[PDB]
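The chain below stands alone and is given in structure tokens; this is the form deposited in one PDB entry.
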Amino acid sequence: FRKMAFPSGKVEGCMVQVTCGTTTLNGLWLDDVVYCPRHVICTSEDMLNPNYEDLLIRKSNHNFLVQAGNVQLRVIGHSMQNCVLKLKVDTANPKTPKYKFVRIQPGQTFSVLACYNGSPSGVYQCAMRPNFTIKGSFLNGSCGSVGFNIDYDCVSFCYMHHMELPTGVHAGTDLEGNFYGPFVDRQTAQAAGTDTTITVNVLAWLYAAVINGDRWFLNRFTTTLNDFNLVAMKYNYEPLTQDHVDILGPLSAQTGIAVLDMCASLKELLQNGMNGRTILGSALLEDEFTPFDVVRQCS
């Protein structure tokens, strides 16, 4: 049981390079539109406090160098959707897959294809933290990198990368250009809200450990759902809903461990610690596997 990402081939066939002036970053080429972060039009001076509509109107179609591999594509139009720039090109991407743009909720996961200069560099899995950051690996020039999920050769794009907070976590937008969280595409040091742990995900991961023969954390006790949430919120865990309980059903039936039994086990682990032991190799309670993630991988 490892953190598994979706195969990235369908998304690699879409990453291009977008250059405006001195600024370079990645774009996503679907059909005859190239999507990228709008701050590619900014100078270093602009980025301190940019007026984007104002800065964009002074731009021409020919200010934008879009390169797909070696081939350069000609921009025949440009418009802005929130923090995302849409560049119209005169050529449709033949590798465009069946796609959709979604906005994911906190706690859900996606694969991140990290690109630099329009070249895919690596893929890994991430979750939308409850404070709307993501704990990624992104260096300089990774803006435009997108996150996504795949459902029967339909790619749901849910994230485009824009910034690293001073704490080392990352922030970005959906493909409509709306940031996840209270962040703004300005060159300013920005803090996030207090992060919390994704509870339904930690439980899904405990189930995965049992399905794989780890049971040392289990116990005899049970807890009411409200009493578990009292302890949970004390340790900065998100509360557990009845929906979350049903989402976990399969894993409960698969293992024969009732959700509320699994909540007693997790409750003790938060009160007692792990005593130096490990679960599925981790010394920490892991919260970036969703129940579906676990289900898909174990069956």
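Just so we're on the same page, rigid core means the largest C-alpha set that superposes within 1.5 Å between forms. Heads up: residue numbers just count along the shown sequence, starting at 1.
The deposited model assigns a higher average Cα B-factor to 280 to 288 than to the other stretch when 8 to 16 and 280 to 288 are compared.
Per-stretch averaging of Cα B factors for 45 to 53 and 26 to 34 places 45 to 53 on top.
Ranking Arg103, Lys88, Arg186, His162 by the C-alpha B-factor listed in the PDB entry places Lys88 at the top. Sort the modelled residues of the chain by CA B factor and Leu266 lands in the lowest third.
Among all modelled residues in its chain, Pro94 ranks in the middle third by Cα B-factor. Residue-level temperature factors show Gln125 in the lowest third of its chain, judged at the C-alpha atom. Among the modelled residues of its chain, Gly168 has a C-alpha B-factor that falls in the lowest third, as given in the PDB entry. Among all modelled residues in this chain, the alpha-carbon of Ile211 has a temperature factor (C-alpha) in the highest third.
Below: the form deposited with a small molecule bound, not depicted.
Every residue of the trio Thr194, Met233 and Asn236 has some heavy atom no more than 4.5 Å from the small molecule in the entry with it bound.
In the entry with it bound, at least one heavy atom of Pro130 sits within 4.5 Å of a heavy atom of the small molecule. With the two forms fitted on their core, the C-alpha shifts between this form and the one not shown stay under 2 Å for all of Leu65, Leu270, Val33, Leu260 except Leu260. Core-superposed comparison between this form and the one not shown: the C-alpha position of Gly281 differs by no less than 2 Å.
With the core held fixed, the Cα of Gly193 is displaced between this form and the one not shown by 2 Å or more. Relative to the superposed core, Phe221 undergoes a C-alpha shift of no less than 2 Å between this form and the one not shown. By 3 Å or more, the C-alpha separation between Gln125 and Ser137 grows in the entry with it bound relative to the form shown here. Put simply, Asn149 and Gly141 come closer in the entry with it bound: their C-alpha atoms are 3 Å or more nearer than in the form shown.
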